[PDB]
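Below: one structure, written as structure tokens.
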Amino acid sequence: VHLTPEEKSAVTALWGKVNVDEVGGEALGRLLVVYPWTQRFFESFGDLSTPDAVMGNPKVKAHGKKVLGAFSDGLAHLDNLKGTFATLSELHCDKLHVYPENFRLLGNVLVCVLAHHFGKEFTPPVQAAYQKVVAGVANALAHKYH
Amino acid sequence: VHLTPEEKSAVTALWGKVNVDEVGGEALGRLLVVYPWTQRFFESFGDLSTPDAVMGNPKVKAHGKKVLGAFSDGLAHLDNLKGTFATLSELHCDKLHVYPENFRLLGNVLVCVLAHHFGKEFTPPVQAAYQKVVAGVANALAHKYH
Amino acid sequence: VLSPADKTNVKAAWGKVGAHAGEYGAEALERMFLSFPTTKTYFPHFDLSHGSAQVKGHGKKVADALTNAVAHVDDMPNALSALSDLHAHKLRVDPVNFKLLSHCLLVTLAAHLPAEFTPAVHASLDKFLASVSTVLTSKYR
Amino acid sequence: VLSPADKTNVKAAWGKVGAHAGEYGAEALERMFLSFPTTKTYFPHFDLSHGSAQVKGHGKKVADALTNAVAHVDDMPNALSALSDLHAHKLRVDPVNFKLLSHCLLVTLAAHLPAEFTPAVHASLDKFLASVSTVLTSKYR
Ligand code: HEM
Ligand code: HEM
Ligand code: HEM
Ligand code: HEM
């Protein structure tokens, strides 16, 4: 994380609009649908046999919400992204054993969901600002793999 | 890097036998041949249009030797593998812009090259000790990407 | 892979894309160059600036190559034969860059067709793009 | 991809492998489980110990599946149809594990056939194994 004043203004101004109730679920959902292997991790979530069954699962939308929190957390903590995520890293690292590349996927799908929700307002430049944050988080996450 | 006494004994006992003149080239060579995209980085090395032209290039075998050095270096500095590699990381990170994943492939091919030279003496357990080390180096390397 | 279903989706979304195909392919690169600056290393003789007509005309190129894929999806290999050579052999493009490109392509798709960019369509696009990428890097393989 | 060259190589090394095919398939898993202990997560009802006859018998299974690929390399998809289901759908194996396995497979190939494990053959095996993996996970795609 660096995020130039311009970039920061872009990131901040966007997350401000973000529907926190439903974007996290939108992104978590899409990860399960796009990267189906990742579903081996939410077997206790219920019926995930169909993307429909995936997109309308209350657990998914319930979980997707905690996921955005951590993001809101980090988005305003670029300073110490590693500090912020120590605990989470630990959970996913030597507790969940989630391959760090999944961390990237999520990030990217989060990028698509944003792009999905903001349309034209999600310009390349804002995208790039977001690419930075997303990868910082994913890097903060797989930190405990060291 | 942890490497149990047993593991360490395995690692050390192996590297001891390692022909430093020719293994580094053997591994660097195989990297260019197996992952040809990687050749985009050694355009100044000469003729690399055939594996033969690759495996018999003096600069490749010349270069492959410095690479083993860094490994001998690290192999005996698992304590501070990030310390040892700061300068190298810097060259490859914001000087060469070599995608960290290539750090992994090299490591892997290094594993096969060892496996190739020691045969049965490269048991699963020693392999595992080496997988640890190889990944430590690769991670020390892509450290400056943060 | 690419199932009768995927096949349907890809042909659907694109149907939808229409003549803006070229318009999107350029947005994609643009997005790529800014988000993944390292990729910029392949277009040194390109004006990578915002309205660059260079990037503009390349987008159509790519865009058209993707159109060729969709229509010949059941024969990508033979279809992209030439392109694999250019990219793998002649260009020696790092396979990773295809992952970055595909991403921006998706992002672009999403930014313009909120209607059709369903979770199921999203998946089929991603699958399709990976196929394209694999062939275009198949000479490495 | 897999060129007429690749195809030649794969068929050559394997020819070389012979009856020890199964023997190597098991050494491969063993190496995987020790080097990548996270993989062990999938064989919880397996005795993952040294001489495990379970691991032993699986190696032939894997080994035979690879032989089936080689002989049908021009139609992997249809060939491994079943296996893709098992692994992608039913087991939901992380695609990454395929990279890990194939690595150990190579490592085993190399530790046994120093004579035929040329840089050229190494490349063709790698390419081949990537093919198998892509099919085995193409239901995710
Ligand atoms: C930036 C990426 C990610 C972030 C920020 C994130 C965040 C979180 C959060 C906030 C929780 C729950 C906290 C709690 O229990 O109090 C969690 C748990 C979990 N994460 Fe993630 N996650 C990420 C990526 C992933 C990926 C890629 C996977 C793999 C499929 C994954 C799998 C899980 C699972 C299965 C749980 C549930 C733990 C349990 O309830 O036992 N996460 N993560
Ligand atoms: C285990 C991973 C690696 C190690 C330990 C390593 C080590 C080294 C060393 C020791 C040098 C030169 C040292 C000196 O000048 O004193 C070097 C330079 C170089 N490395 Fe690597 N390397 C690794 C991976 C890679 C990869 C994956 C690539 C990409 C194909 C790469 C490309 C290069 C190039 C092109 C140079 C030459 C720089 C120049 O002379 O301008 N290296 N590396
Ligand atoms: C779906 C993915 C891609 C498609 C369909 C595609 C398509 C094309 C096409 C059609 C051309 C020009 C062919 C002609 O002469 O008509 C081209 C050129 C090129 N591509 Fe791609 N490409 C893709 C991905 C990439 C990626 C990921 C990179 C690297 C970041 C890349 C780098 C290049 C470069 C450097 C050129 C040559 C530009 C010039 O000198 O004119 N391409 N590509
Ligand atoms: C491309 C390489 C691979 C091949 C050819 C292969 C082949 C096979 C075969 C033939 C079976 C037995 C199916 C049956 O007859 O019911 C099997 C089962 C299985 N495979 Fe693999 N496999 C490969 C890679 C992997 C990887 C990378 C993993 C993940 C660690 C994995 C995990 C499993 C598991 C957990 C089973 C089920 C065993 C049981 O419950 O009895 N496989 N595989």
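Identifiers in this document derive from the order of the structure tokens: chains are assigned A, B, ..., residues are numbered from 1 separately in each chain, and ligands are numbered from 1 in order of occurrence.
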
TODO: Could the residues that lie within 8 Å of ligand 2, counting only C-alpha atoms and all ligand atoms, be listed as an MDAnalysis selection string?
DONE: chainID B and resid 31:32 37:42 63 66:71 88 91:92 96 98:107 134 137:138 141

Open item on the list: If the cut-off is 8 Å, can you tell me the residues of chain C near chain B, counting only C-alpha atoms? I'd like them as a PyMOL selection string.
Closed with: chain C and resi 38+88+92-95+140

Open item on the list: Residues of chain C within 7 Å of chain D, counting only C-alpha atoms, what are they? List them as JSON, numbers by chain.
Closed with: {"C": [1, 2, 127, 135, 138, 139, 141]}

Write the residues you've just listed into a file as a PDB file, in the first residue's frame, and include C-alpha atoms for each of them.
ATOM      1  CA  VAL C   1     -13.401 -28.298 -21.019  1.00  0.00           C
ATOM      2  CA  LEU C   2     -16.200 -25.919 -21.942  1.00  0.00           C
ATOM      3  CA  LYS C 127     -13.368 -20.754 -18.340  1.00  0.00           C
ATOM      4  CA  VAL C 135      -3.605 -22.332 -26.554  1.00  0.00           C
ATOM      5  CA  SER C 138       0.525 -23.909 -25.722  1.00  0.00           C
ATOM      6  CA  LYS C 139       3.771 -23.585 -27.675  1.00  0.00           C
ATOM      7  CA  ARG C 141       3.779 -26.608 -23.501  1.00  0.00           C
TER       8      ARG C 141
END

Task: Expected answer as a list in words: residues within 6 Å of ligand 4, only C-alpha atoms and all ligand atoms - done: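 Answer in the requested format: residues 39, 42, 43, 61, 62, 65, 66, 93, 97, 98, 101, 132 and 133 of chain D.
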
For N, CA, C and O atoms, I'd like the residues from the last selection saved as a PDB file, in the first residue's frame.
ATOM      1  N   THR D  39      -1.727 -31.749   1.534  1.00  0.00           N
ATOM      2  CA  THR D  39      -2.344 -32.660   0.577  1.00  0.00           C
ATOM      3  C   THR D  39      -2.931 -33.874   1.294  1.00  0.00           C
ATOM      4  O   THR D  39      -3.930 -34.461   0.871  1.00  0.00           O
ATOM      5  N   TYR D  42      -6.684 -34.960   2.010  1.00  0.00           N
ATOM      6  CA  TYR D  42      -7.621 -35.719   1.175  1.00  0.00           C
ATOM      7  C   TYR D  42      -7.626 -37.204   1.464  1.00  0.00           C
ATOM      8  O   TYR D  42      -8.627 -37.860   1.092  1.00  0.00           O
ATOM      9  N   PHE D  43      -6.595 -37.743   2.081  1.00  0.00           N
ATOM     10  CA  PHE D  43      -6.539 -39.194   2.349  1.00  0.00           C
ATOM     11  C   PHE D  43      -6.544 -39.478   3.843  1.00  0.00           C
ATOM     12  O   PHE D  43      -5.601 -40.103   4.349  1.00  0.00           O
ATOM     13  N   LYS D  61      -3.042 -47.193  -9.094  1.00  0.00           N
ATOM     14  CA  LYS D  61      -4.281 -46.562  -9.590  1.00  0.00           C
ATOM     15  C   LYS D  61      -3.945 -45.328 -10.406  1.00  0.00           C
ATOM     16  O   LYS D  61      -4.326 -45.226 -11.589  1.00  0.00           O
ATOM     17  N   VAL D  62      -3.211 -44.433  -9.789  1.00  0.00           N
ATOM     18  CA  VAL D  62      -2.731 -43.170 -10.387  1.00  0.00           C
ATOM     19  C   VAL D  62      -1.899 -43.514 -11.620  1.00  0.00           C
ATOM     20  O   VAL D  62      -2.158 -43.026 -12.729  1.00  0.00           O
ATOM     21  N   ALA D  65      -3.768 -44.682 -14.488  1.00  0.00           N
ATOM     22  CA  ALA D  65      -4.545 -43.560 -15.033  1.00  0.00           C
ATOM     23  C   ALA D  65      -3.675 -42.706 -15.940  1.00  0.00           C
ATOM     24  O   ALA D  65      -4.165 -42.090 -16.897  1.00  0.00           O
ATOM     25  N   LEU D  66      -2.395 -42.701 -15.612  1.00  0.00           N
ATOM     26  CA  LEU D  66      -1.421 -41.913 -16.392  1.00  0.00           C
ATOM     27  C   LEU D  66      -1.086 -42.662 -17.668  1.00  0.00           C
ATOM     28  O   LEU D  66      -0.861 -42.052 -18.724  1.00  0.00           O
ATOM     29  N   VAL D  93     -10.841 -31.226  -5.499  1.00  0.00           N
ATOM     30  CA  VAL D  93      -9.400 -31.107  -5.222  1.00  0.00           C
ATOM     31  C   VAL D  93      -8.921 -29.733  -5.713  1.00  0.00           C
ATOM     32  O   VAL D  93      -9.219 -29.305  -6.835  1.00  0.00           O
ATOM     33  N   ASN D  97      -2.921 -28.680  -5.985  1.00  0.00           N
ATOM     34  CA  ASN D  97      -2.422 -29.998  -5.581  1.00  0.00           C
ATOM     35  C   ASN D  97      -1.947 -30.802  -6.783  1.00  0.00           C
ATOM     36  O   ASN D  97      -1.111 -31.706  -6.625  1.00  0.00           O
ATOM     37  N   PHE D  98      -2.510 -30.460  -7.923  1.00  0.00           N
ATOM     38  CA  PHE D  98      -2.143 -31.163  -9.178  1.00  0.00           C
ATOM     39  C   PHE D  98      -0.741 -30.736  -9.590  1.00  0.00           C
ATOM     40  O   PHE D  98       0.023 -31.503 -10.196  1.00  0.00           O
ATOM     41  N   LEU D 101       1.563 -32.643  -7.181  1.00  0.00           N
ATOM     42  CA  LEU D 101       1.664 -34.069  -7.508  1.00  0.00           C
ATOM     43  C   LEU D 101       2.583 -34.293  -8.705  1.00  0.00           C
ATOM     44  O   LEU D 101       3.512 -35.121  -8.658  1.00  0.00           O
ATOM     45  N   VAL D 132      -3.072 -33.451 -18.288  1.00  0.00           N
ATOM     46  CA  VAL D 132      -3.860 -34.375 -17.459  1.00  0.00           C
ATOM     47  C   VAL D 132      -4.540 -33.599 -16.332  1.00  0.00           C
ATOM     48  O   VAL D 132      -5.740 -33.784 -16.072  1.00  0.00           O
ATOM     49  N   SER D 133      -3.756 -32.752 -15.691  1.00  0.00           N
ATOM     50  CA  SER D 133      -4.256 -31.949 -14.567  1.00  0.00           C
ATOM     51  C   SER D 133      -5.387 -31.014 -14.982  1.00  0.00           C
ATOM     52  O   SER D 133      -6.333 -30.813 -14.196  1.00  0.00           O
TER      53      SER D 133
END

Using only C-alpha atoms, what does the table of chain B residues within 10 Å of chain A look like, with each row giving the shortest atom pair and its distance in Å to one decimal, sorted by chain and ascending number, as JSON lines?
{"residue": "B:1", "atom": "CA", "partner": "A:146", "partner_atom": "CA", "distance": 8.7}
{"residue": "B:135", "atom": "CA", "partner": "A:146", "partner_atom": "CA", "distance": 9.5}
{"residue": "B:136", "atom": "CA", "partner": "A:146", "partner_atom": "CA", "distance": 8.0}
{"residue": "B:139", "atom": "CA", "partner": "A:146", "partner_atom": "CA", "distance": 7.8}
{"residue": "B:140", "atom": "CA", "partner": "A:146", "partner_atom": "CA", "distance": 9.5}
{"residue": "B:145", "atom": "CA", "partner": "A:139", "partner_atom": "CA", "distance": 9.8}
{"residue": "B:146", "atom": "CA", "partner": "A:139", "partner_atom": "CA", "distance": 8.1}

Dump N, CA, C and O atoms for the selected residues as a compact mmCIF listing (two decimals), in the first residue's frame?
# COMPACT_ATOMS: atom_id res chain seq x y z
N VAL B 1 12.20 -21.78 7.18
CA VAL B 1 13.32 -22.62 7.60
C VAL B 1 13.18 -22.99 9.09
O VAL B 1 13.11 -22.12 9.98
N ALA B 135 11.77 -23.24 -1.00
CA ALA B 135 10.63 -22.31 -0.88
C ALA B 135 10.99 -21.12 0.00
O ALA B 135 10.43 -20.03 -0.16
N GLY B 136 11.93 -21.33 0.91
CA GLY B 136 12.38 -20.27 1.83
C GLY B 136 13.12 -19.21 1.00
O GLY B 136 12.92 -18.00 1.15
N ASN B 139 10.91 -17.33 -1.27
CA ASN B 139 10.13 -16.38 -0.46
C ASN B 139 11.00 -15.23 0.03
O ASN B 139 10.49 -14.12 0.24
N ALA B 140 12.29 -15.51 0.18
CA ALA B 140 13.24 -14.47 0.62
C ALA B 140 13.42 -13.51 -0.57
O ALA B 140 13.55 -12.29 -0.39
N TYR B 145 8.85 -7.56 -2.94
CA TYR B 145 7.67 -7.30 -3.79
C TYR B 145 6.61 -6.71 -2.87
O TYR B 145 5.49 -6.39 -3.27
N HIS B 146 7.04 -6.58 -1.62
CA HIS B 146 6.17 -6.03 -0.55
C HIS B 146 6.57 -4.60 -0.21
O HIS B 146 7.72 -4.46 0.29

TODO: Skip segment 108-120 of chain C itself and residues of its chain fewer than 2 positions away, then list as a list in words all residues within 7 Å of it, counting only C-alpha atoms.
DONE: residues 30, 33, 51, 112, 115, 116, 119 and 120 of chain A; 13, 24, 27, 28, 104, 105, 106, 122, 123 and 124 of chain C

Put those residues in a file: N, CA and C atoms, as an mmCIF file, in the first residue's frame.
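This went into out10.cif:
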data_model
loop_
_atom_site.group_PDB
_atom_site.id
_atom_site.type_symbol
_atom_site.label_atom_id
_atom_site.label_comp_id
_atom_site.auth_asym_id
_atom_site.auth_seq_id
_atom_site.Cartn_x
_atom_site.Cartn_y
_atom_site.Cartn_z
ATOM 1 N N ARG A 30 -19.616 -15.677 -5.859
ATOM 2 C CA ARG A 30 -18.969 -15.759 -7.174
ATOM 3 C C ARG A 30 -17.671 -16.533 -7.129
ATOM 4 N N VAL A 33 -18.680 -20.197 -7.148
ATOM 5 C CA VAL A 33 -19.207 -20.523 -8.476
ATOM 6 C C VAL A 33 -18.107 -20.563 -9.526
ATOM 7 N N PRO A 51 -25.321 -22.555 -8.769
ATOM 8 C CA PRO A 51 -24.948 -21.150 -8.542
ATOM 9 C C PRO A 51 -26.110 -20.383 -7.913
ATOM 10 N N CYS A 112 -14.214 -7.621 -9.717
ATOM 11 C CA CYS A 112 -15.281 -7.738 -10.727
ATOM 12 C C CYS A 112 -16.630 -7.317 -10.162
ATOM 13 N N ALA A 115 -16.720 -3.635 -10.030
ATOM 14 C CA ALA A 115 -16.826 -3.196 -11.431
ATOM 15 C C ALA A 115 -18.264 -3.445 -11.890
ATOM 16 N N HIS A 116 -18.810 -4.525 -11.350
ATOM 17 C CA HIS A 116 -20.177 -4.946 -11.646
ATOM 18 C C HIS A 116 -21.204 -3.936 -11.146
ATOM 19 N N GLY A 119 -20.214 0.157 -12.575
ATOM 20 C CA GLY A 119 -20.196 0.362 -14.035
ATOM 21 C C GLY A 119 -19.047 1.295 -14.403
ATOM 22 N N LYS A 120 -19.372 2.290 -15.199
ATOM 23 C CA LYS A 120 -18.427 3.288 -15.703
ATOM 24 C C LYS A 120 -17.622 3.999 -14.631
ATOM 25 N N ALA C 13 -23.142 -13.895 -24.118
ATOM 26 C CA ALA C 13 -22.517 -12.672 -23.613
ATOM 27 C C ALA C 13 -21.943 -11.824 -24.735
ATOM 28 N N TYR C 24 -14.298 -2.500 -26.149
ATOM 29 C CA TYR C 24 -14.005 -3.166 -24.882
ATOM 30 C C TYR C 24 -12.596 -3.730 -24.817
ATOM 31 N N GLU C 27 -10.265 -1.123 -23.724
ATOM 32 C CA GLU C 27 -10.476 -0.706 -22.324
ATOM 33 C C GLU C 27 -9.734 -1.689 -21.418
ATOM 34 N N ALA C 28 -9.795 -2.919 -21.885
ATOM 35 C CA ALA C 28 -9.177 -4.065 -21.228
ATOM 36 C C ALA C 28 -7.668 -3.901 -21.087
ATOM 37 N N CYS C 104 -8.853 -8.368 -16.596
ATOM 38 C CA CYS C 104 -9.312 -7.040 -17.045
ATOM 39 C C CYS C 104 -10.421 -7.175 -18.063
ATOM 40 N N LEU C 105 -10.358 -8.252 -18.825
ATOM 41 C CA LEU C 105 -11.373 -8.544 -19.851
ATOM 42 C C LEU C 105 -12.708 -8.762 -19.129
ATOM 43 N N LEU C 106 -12.622 -9.551 -18.067
ATOM 44 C CA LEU C 106 -13.781 -9.881 -17.225
ATOM 45 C C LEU C 106 -14.308 -8.576 -16.622
ATOM 46 N N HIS C 122 -20.265 -15.440 -15.783
ATOM 47 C CA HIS C 122 -18.957 -14.988 -15.299
ATOM 48 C C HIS C 122 -17.969 -16.152 -15.322
ATOM 49 N N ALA C 123 -18.478 -17.279 -14.874
ATOM 50 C CA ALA C 123 -17.736 -18.531 -14.751
ATOM 51 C C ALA C 123 -17.357 -19.107 -16.106
ATOM 52 N N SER C 124 -18.296 -19.014 -17.023
ATOM 53 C CA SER C 124 -18.138 -19.524 -18.389
ATOM 54 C C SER C 124 -17.188 -18.660 -19.200
#

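Between atom CA of residue 121 of chain C and atom CA of residue 73 of chain C there is a distance of 15.7 Å.
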
Task: For residue 130 of chain A: contacts at 10 Å, only C-alpha atoms, fewer than 6 positions along chain excluded, given as a list in words - done: residues 3, 7, 8, 10, 11, 14, 75, 107, 108, 110, 111, 114, 122, 124 and 136 of chain A; 35 of chain C

Take the residues from that selection and write them out as an mmCIF file, in the first residue's frame, keeping N, CA, C and O atoms.
data_model
loop_
_atom_site.group_PDB
_atom_site.id
_atom_site.type_symbol
_atom_site.label_atom_id
_atom_site.label_comp_id
_atom_site.auth_asym_id
_atom_site.auth_seq_id
_atom_site.Cartn_x
_atom_site.Cartn_y
_atom_site.Cartn_z
ATOM 1 N N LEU A 3 -0.888 4.067 -2.331
ATOM 2 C CA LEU A 3 -2.102 4.813 -2.681
ATOM 3 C C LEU A 3 -1.821 6.309 -2.521
ATOM 4 O O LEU A 3 -1.650 6.888 -1.449
ATOM 5 N N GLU A 7 -5.435 8.300 -5.698
ATOM 6 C CA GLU A 7 -5.833 6.893 -5.604
ATOM 7 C C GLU A 7 -6.705 6.686 -4.376
ATOM 8 O O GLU A 7 -7.755 6.038 -4.447
ATOM 9 N N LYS A 8 -6.225 7.240 -3.284
ATOM 10 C CA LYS A 8 -6.920 7.121 -1.993
ATOM 11 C C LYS A 8 -8.329 7.678 -2.121
ATOM 12 O O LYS A 8 -9.335 7.081 -1.701
ATOM 13 N N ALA A 10 -10.042 7.916 -4.658
ATOM 14 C CA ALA A 10 -10.774 6.992 -5.535
ATOM 15 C C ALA A 10 -11.307 5.775 -4.786
ATOM 16 O O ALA A 10 -12.476 5.380 -4.967
ATOM 17 N N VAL A 11 -10.459 5.185 -3.969
ATOM 18 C CA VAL A 11 -10.756 4.005 -3.166
ATOM 19 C C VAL A 11 -11.851 4.303 -2.137
ATOM 20 O O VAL A 11 -12.839 3.562 -2.027
ATOM 21 N N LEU A 14 -15.244 5.270 -3.351
ATOM 22 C CA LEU A 14 -16.001 4.122 -3.877
ATOM 23 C C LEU A 14 -16.591 3.269 -2.769
ATOM 24 O O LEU A 14 -17.807 2.978 -2.774
ATOM 25 N N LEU A 75 -8.821 -1.552 4.379
ATOM 26 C CA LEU A 75 -8.906 -0.386 3.487
ATOM 27 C C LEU A 75 -8.539 0.887 4.241
ATOM 28 O O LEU A 75 -8.037 1.845 3.620
ATOM 29 N N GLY A 107 -9.911 -11.601 -4.138
ATOM 30 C CA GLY A 107 -9.539 -10.212 -4.411
ATOM 31 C C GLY A 107 -10.032 -9.796 -5.790
ATOM 32 O O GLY A 107 -10.745 -8.789 -5.935
ATOM 33 N N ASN A 108 -9.667 -10.588 -6.780
ATOM 34 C CA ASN A 108 -10.036 -10.289 -8.178
ATOM 35 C C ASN A 108 -11.537 -10.314 -8.416
ATOM 36 O O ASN A 108 -12.066 -9.463 -9.161
ATOM 37 N N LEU A 110 -13.590 -9.776 -6.250
ATOM 38 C CA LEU A 110 -14.134 -8.622 -5.491
ATOM 39 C C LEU A 110 -14.058 -7.434 -6.459
ATOM 40 O O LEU A 110 -14.928 -6.559 -6.522
ATOM 41 N N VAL A 111 -12.978 -7.473 -7.231
ATOM 42 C CA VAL A 111 -12.760 -6.393 -8.216
ATOM 43 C C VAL A 111 -13.864 -6.436 -9.260
ATOM 44 O O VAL A 111 -14.403 -5.367 -9.618
ATOM 45 N N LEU A 114 -17.207 -5.233 -7.828
ATOM 46 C CA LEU A 114 -17.202 -3.762 -7.687
ATOM 47 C C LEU A 114 -17.507 -3.158 -9.068
ATOM 48 O O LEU A 114 -18.379 -2.302 -9.224
ATOM 49 N N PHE A 122 -16.224 2.770 -12.322
ATOM 50 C CA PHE A 122 -15.083 1.906 -11.940
ATOM 51 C C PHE A 122 -14.115 1.939 -13.131
ATOM 52 O O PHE A 122 -13.943 1.010 -13.919
ATOM 53 N N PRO A 124 -10.472 2.499 -15.068
ATOM 54 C CA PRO A 124 -9.198 1.797 -15.026
ATOM 55 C C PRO A 124 -8.343 2.232 -13.836
ATOM 56 O O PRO A 124 -7.775 1.431 -13.073
ATOM 57 N N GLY A 136 -2.612 -6.280 -1.417
ATOM 58 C CA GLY A 136 -1.957 -5.988 -0.123
ATOM 59 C C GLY A 136 -2.583 -6.900 0.947
ATOM 60 O O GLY A 136 -1.882 -7.488 1.790
ATOM 61 N N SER C 35 -3.114 -1.316 -14.004
ATOM 62 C CA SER C 35 -3.205 -2.230 -12.848
ATOM 63 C C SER C 35 -1.999 -3.155 -12.803
ATOM 64 O O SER C 35 -1.540 -3.505 -11.700
#

TODO: Tell me, in Å to one decimal, how far atom CA of residue 57 of chain B is from atom CA of residue 43 of chain B.
DONE: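 Interatomic distance here is 12.2 Å.
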
TODO: Could you check how far atom 30 (C, counted along the ligand's line) of ligand 1 sits from atom CA of residue 126 of chain A, in Å to one decimal?
DONE: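 Calculated distance between atom 30 (C, counted along the ligand's line) of ligand 1 and atom CA of residue 126 of chain A is 26.4 Å.
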